[PDB]
Amino acid sequence: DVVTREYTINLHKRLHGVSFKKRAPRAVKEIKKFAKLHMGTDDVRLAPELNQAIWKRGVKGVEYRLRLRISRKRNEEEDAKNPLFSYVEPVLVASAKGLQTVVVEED
Amino acid sequence: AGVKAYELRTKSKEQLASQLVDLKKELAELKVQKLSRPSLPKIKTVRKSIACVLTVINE
Amino acid sequence: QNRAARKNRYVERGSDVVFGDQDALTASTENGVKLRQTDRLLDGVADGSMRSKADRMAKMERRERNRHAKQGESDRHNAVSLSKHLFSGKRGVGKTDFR
Amino acid sequence: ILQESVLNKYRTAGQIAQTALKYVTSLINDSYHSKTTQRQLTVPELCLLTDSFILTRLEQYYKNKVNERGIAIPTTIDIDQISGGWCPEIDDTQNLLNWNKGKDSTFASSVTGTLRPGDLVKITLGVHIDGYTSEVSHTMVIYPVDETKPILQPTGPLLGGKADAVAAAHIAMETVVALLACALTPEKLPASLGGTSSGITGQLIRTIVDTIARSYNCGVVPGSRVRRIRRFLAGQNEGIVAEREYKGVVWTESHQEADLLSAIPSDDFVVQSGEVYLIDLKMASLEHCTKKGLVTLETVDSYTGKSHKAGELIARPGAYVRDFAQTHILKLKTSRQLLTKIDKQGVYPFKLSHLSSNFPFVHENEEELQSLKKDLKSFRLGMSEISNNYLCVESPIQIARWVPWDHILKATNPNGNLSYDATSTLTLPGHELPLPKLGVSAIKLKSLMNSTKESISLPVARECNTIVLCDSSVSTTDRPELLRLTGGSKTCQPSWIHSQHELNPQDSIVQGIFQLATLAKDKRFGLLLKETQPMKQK
Amino acid sequence: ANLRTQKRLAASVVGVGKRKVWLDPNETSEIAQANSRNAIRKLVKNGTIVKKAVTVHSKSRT
Amino acid sequence: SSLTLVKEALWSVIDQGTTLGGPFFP
Amino acid sequence: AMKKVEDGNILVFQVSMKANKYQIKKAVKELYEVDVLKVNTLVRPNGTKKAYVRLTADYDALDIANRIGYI
Amino acid sequence: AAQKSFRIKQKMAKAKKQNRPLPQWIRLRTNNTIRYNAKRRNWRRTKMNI
RNA sequence: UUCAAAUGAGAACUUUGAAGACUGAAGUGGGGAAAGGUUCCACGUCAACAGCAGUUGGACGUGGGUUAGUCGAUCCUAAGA
Ligand SMILES: [Mg+2]
Ligand SMILES: [Mg+2]
Ligand SMILES: [Mg+2]
Ligand SMILES: [Mg+2]
Ligand SMILES: [Mg+2]
Ligand SMILES: [Mg+2]
Ligand SMILES: [Mg+2]
């Protein structure tokens, strides 16, 4: 099924205690696992703008909270091992605090 | 093909020299063709004819 | 934008009609050579069946050196049977040959 | 799909081709038969003048209304054993003389450019407008002029195998034209020839042509075809460029083998109305062959150093074919400019002189010719790098050759089907099986031809026309009719020949051929053929 | 495709280092066709290859 | 052998008039 | 090598290792009946000598290339 | 060295022209026992020693 | 170190773009001397080698490339032979 939602991921408690050279790569992997949990799709693709948002303050300056837009869509290629995949985009907001999960109407 | 020494031995110096010059021109043209065709059997007989003419002149 | 799009027109040409769905038209060389470039390896073998036969012969002959992990025909390093500096160690109270 | 405008474009192309053929016939007759011209013209001069004449005539038709128009087939003049591809440039005359010094005189007419009595001269030319192509090809004969007659005429009719080949080509051309016209009214097909309620088939075409050739003791050269023509797809380079769809009948060494043993083209089709057909038939004389043999082709190269054969022809082909699927950015500015000029020509074979700004000639001047040659030198410089990167390929010069069957059978091929020409530059001829049932490849057959001492070169006569099967709405006369865009009784008039061989009337196929001739003559209740007329110049 | 040669040629033609040369990722085949500095110059002219500006070293605080 | 049979069959199978034009140049 | 024909009116030859520039210029003029502006030489990494022969403005290297046969 | 002697350059030219694998038509000859170039040299394996 | 696309049967390691860093002009920059000898560059290309991998390579195959009256040698002499 095709669906789009906006989430907030708490990267602070997921990166708590991580070595400074590994913080941003582990943030990438935590976002992939987060999307896999919320959409049931092992295929998760992150937008390069989301990668920029993760890496904006260096390798050890990841944000505590990130506002993500996750779209479960259809894998249109006929060689796909899974029929659906997740696409994760950044949501550049005034503040990531106090935001609940919402459903975006795909129009 | 090629030249024959018994045919060459009946000629004069001027005829032998003219034939040598013609053979050298022919070898130059064959070397030009060899740049495009690496297997050119006529080069061997032209070289042997040049050698035979030089041998007869020296004799 | 509509004026620009309507100006940008594509009309099928004869090259589109004939060569649109085709390719090649010329046999691809084994070594990626040009038309008048010599091929040292294969110029003596005119036909491709005998070319493939010689290629299989070379590939079969390569096997022993490949199992010995040589860099190629050019790798001919020879190891000695015994290294004297490794098998002449008798270290008294004093100077040694290694640390 | 035939339309008024499409038919008009085909008609204009055919008219220009007929006018060009009349022009070349008049030029040859003035140079060698009329003898009013002080200096005889040569073959490259005739080809260049024909191309310039075609361009000047085509300049005035469909200007500023059609994207692409020009010469489809460059003017080709083939003499005797040469079965196609002879169109030398004007700058290669001394090259030909120097390359063929010390050879035999069997190709003396082609080497020197000057025609000789007894020559079979085959002239081929084609014109395209918007990709609608009309091609003509006519064999003519060169004669000695009788000095005793008040009027110019040959001393005597042409006799022998060349006469047999001319007769076979002419009669096969006429019979095939009538047979394809019979597809519009199938009830007029003779019963002895085939089924009255059924149409025309490739099997019927092939058996009629084979019967005529066998009656006149001639072989069909493996380049012959009777095929369907569409826009931009006229077989202008058939052995070089592969085609997605083919509807026609071809003759090959494989077909010769099958007859002896009695997108691949097959003779399992039915001729349909509303189609354009090219008929190109080459007949090689078998008079000097005392035994049963195979007719094949030999490619002419420009390397004198490949053999010692004094009976060999060394020449460079003058027509090139652009491969539009291949791309490579060149290093020479001359080569890049030449490629830009070449891409304007389209998908038809071209000569280097066609790309000159001096060409075509407005006034025939020595300075015009010299500026053309000055262009041609740098054109050859650019073409060297263009051909080196496979952007363009040569159109081969081919000589008909005869190989006896006993030598082929006695020969041994250790590879069988597996062998192929790895050094071949073109894919289509490089990987070919001329004898599929015997397991003999093209390289093996060429080796056999070179190894045999009794392999001779057969004289060839050629006839090629373009026809349209016009429907009732398409035709003017409210009935279906065949429009012959090229050829007929006005341009392709047969020369004075006398052949001892004849069709044997006691065979069903020959009876059908005679009835086809009768129904073509019958202008009241028979078939309707509309020939395209050459146009006046002044 | 391998555009290492084209990147090097574009740097040499434009006159900057390879760090200041931008190859359009969408015109990959067009760039791959360019074996010569003349074709590289044509690509620079039509905008497939772009020279980047220098990284700023401002002197306001100094 | 099919090739041998083909070769044998090949060995087995190999083992007035007309006038066009006239006294004129067209 | 073919680029220099159109770029600087220069022919490129493989010449003998024993030949100097005087001999190269004299041989070119004798064989092809042209006037040579100047000769530059190098020894290639394969052990043969390469000569760049530039002709005068009154002669065209394009004509000489066409006459030789490579073009 | 860039500024080398002619003798050194001549030996280098000979080494370059020797550096090749076997021609493939050699393998097709009758009673051929030459199956590879046993004297192949590479610049990073065996030095020429001047 | 990371993201996406491309290529490919196959991509942690190839290419381009998007980012984060580093050498920090006594450089991880640009040239040379000794030495090496074609390793330079292009096209093709993966069996072996690159202590994982590999579509990449200083690897394998085929070729291209080094242009001088003025830069050097060449001439002079030093310790010396
Ligand atoms: Mg800790
Ligand atoms: Mg020098
Ligand atoms: Mg720093
Ligand atoms: Mg350097
Ligand atoms: Mg390299
Ligand atoms: Mg490894
Ligand atoms: Mg290499």
Side-chain angles (χ1 to χ4, degrees), chain D residues 1-19 21 61-62 66 69 72 126-137 173-190 198-202 204-205 225-235 245 247-249 269-281 463-492 516-535:
Chain D
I1 299 178
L2 286 184
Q3 202 188 352
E4 190 75 36
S5 61
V6 177
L7 191 64
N8 289 341
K9 297 192 204 306
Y10 265 115
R11 179 184 293 107
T12 307
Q15 285 184 289
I16 295 178
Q18 298 286 76
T19 308
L21 189 59
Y61 292 98
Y62 287 99
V66 157
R69 74 192 193 278
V127 181
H128 81 93
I129 297 177
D130 203 9
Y132 306 109
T133 306
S134 190
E135 180 181 344
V136 71
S137 178
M173 168 98 271
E174 295 295 325
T175 300
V176 168
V177 161
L179 188 69
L180 290 176
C182 265
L184 305 175
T185 57
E187 59 269 352
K188 299 179 179 299
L189 181 62
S198 180
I200 302 302
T201 47
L204 189 57
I205 298 270
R225 57 197 184 267
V226 180
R227 57 163 293 174
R228 186 172 54 93
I229 304 305
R230 295 201 283 120
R231 181 168 183 250
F232 290 117
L233 302 156
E245 190 79 12
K247 174 168 163 63
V249 63
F269 57 91
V270 167
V271 186
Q272 291 292 323
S273 170
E275 295 172 349
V276 188
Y277 275 88
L278 185 76
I279 314 166
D280 174 72
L281 302 181
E463 293 292 332
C464 172
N465 291 337
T466 310
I467 68 178
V468 183
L469 281 74
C470 304
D471 201 0
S472 304
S473 69
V474 188
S475 74
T476 310
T477 39
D478 315 326
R479 291 214 184 189
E481 64 102 22
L482 198 82
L483 181 70
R484 212 198 284 197
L485 302 166
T486 46
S489 56
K490 194 160 302 302
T491 52
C492 302
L516 279 178
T518 303
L519 293 181
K521 288 186 176 183
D522 201 337
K523 286 176 176 168
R524 311 201 175 190
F525 284 80
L527 295 85
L528 183 52
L529 313 179
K530 191 69 170 185
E531 292 177 14
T532 297
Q533 307 271 292
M535 68 186 56

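Below, each value reflects all heavy atoms present in this structure, side chains not excepted, and no hydrogens, waters or symmetry copies. So you know, we letter chains A, B, ... as the sequences are listed, proteins then strands, and number each from 1.
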**OP:** Answer yes or no: is there a side-chain heavy-atom contact under 4.5 Å between D:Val468 and D:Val474?
**Re:** no

Subject >> Considering all heavy atoms, the nearest D:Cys182-D:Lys188 contact >> reply: SG-O, 4.2 Å

Original post:
Which pair of non-hydrogen atoms, one from D:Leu529 and one from D:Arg484, has the smallest distance, and what is that distance?
Top reply: CD1-NH2, 4.4 Å

**OP:** Decide yes or no for D:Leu21 and D:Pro534: does some side-chain heavy atom of the first lie under 4.5 Å from some side-chain heavy atom of the second?
**Re:** no

**OP:** Give, for atom CZ of D:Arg479 and atom OG1 of D:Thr185, the distance between the pair rounded to the nearest 0.5 Å.
**Re:** 9.5 Å

Subject >> Minimum heavy-atom distance between D:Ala234 and D:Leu278, given as atom pair plus value >> reply: O-CD2, 3.8 Å

Original post:
Testing D:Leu528, D:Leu527, D:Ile467 for side chain to side chain contact (heavy atoms under 4.5 Å, CB included) with D:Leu482, which one passes?
Top reply: D:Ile467

Subject >> Spatial distance of atom CG (D:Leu519) from atom CZ (D:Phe525) [nearest 0.5 Å] >> reply: 12.5 Å

Subject >> Gap separating the CG atom of D:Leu2 from the OG atom of D:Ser273, nearest 0.5 angstrom >> reply: 7.5 Å

Original post:
About how many Å separate CG of D:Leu485 and CG of D:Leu7, when rounded to the nearest 0.5 Å?
Top reply: 7.5 Å

Original post:
So, D:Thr19 side chain and D:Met535 main chain: donor-acceptor pair closer than 3.5 Å or not?
Top reply: yes

Original post:
At what distance, to the nearest 0.5 angstrom, does CZ of D:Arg228 lie from CD of D:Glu245?
Top reply: 6.5 Å

Original post:
Taking C-beta and beyond as the side chain, do D:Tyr277 and D:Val271 meet within less than 4.5 Å on heavy atoms?
Top reply: yes

**OP:** Begin with the C-alpha distance, continue with both residues' side-chain angles, and end with the deciding distance and a verdict on side-chain contact (heavy atoms from CB on, under 4.5 Å) for D:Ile1 and D:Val6.
**Re:** CA-CA 8 Å; D:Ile1 299 178; D:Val6 177; over 6 Å; no

Original post:
So do the side chains of D:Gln272 and D:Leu469 get within less than 4.5 Å of each other, counting heavy atoms only?
Top reply: no

Subject >> Residue pair D:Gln18 / D:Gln533: nearest heavy atoms and the distance that separates them >> reply: CB-C, 4.4 Å

**OP:** Return the minimal non-hydrogen interatomic distance between D:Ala520 and D:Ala178, and the atom names on each side.
**Re:** CB-CB, 4.4 Å

Original post:
Does the pair D:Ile205 and D:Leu180 meet the rule for a side-chain contact (heavy atoms from CB on, under 4.5 Å), with working shown?
Top reply: CA-CA 9 Å; D:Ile205 298 270; D:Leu180 290 176; 3.7 Å; yes

Original post:
Within the side chain of D:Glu531, is there an N or O that forms a donor-acceptor pair under 3.5 Å with the backbone of D:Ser489?
Top reply: yes

**OP:** Mark yes when over 12 heavy atoms from residues, nucleotides or ligands other than D:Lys530 sit less than 6.0 Å from its NZ; otherwise mark no.
**Re:** no

Original post:
Is any side-chain heavy atom of D:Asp130 less than 4.5 Å from a side-chain heavy atom of D:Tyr62?
Top reply: no

Original post:
Between CD1 of D:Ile200 and CG of D:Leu179, what distance do you get to the nearest 0.5 Å?
Top reply: 4.0 Å

**OP:** Kindly check if the number of other-residue, nucleotide or ligand heavy atoms within 6.0 Å of CD (D:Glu187) is above 12?
**Re:** yes

Subject >> Sub-4.5 Å side-chain heavy-atom contact between D:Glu135 and D:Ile229 >> reply: no

Original post:
Does D:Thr486 use its side chain to pair, donor to acceptor, with the backbone of D:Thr466 at less than 3.5 Å?
Top reply: yes

**OP:** Considering non-hydrogen atoms only, spot the tightest contact between D:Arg11 and D:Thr532 and give its length.
**Re:** O-CG2, 4.3 Å

Original post:
Under the 3.5 angstrom rule, does the side chain of D:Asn8 hit a backbone N or O of D:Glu4 as a donor-acceptor pair?
Top reply: yes

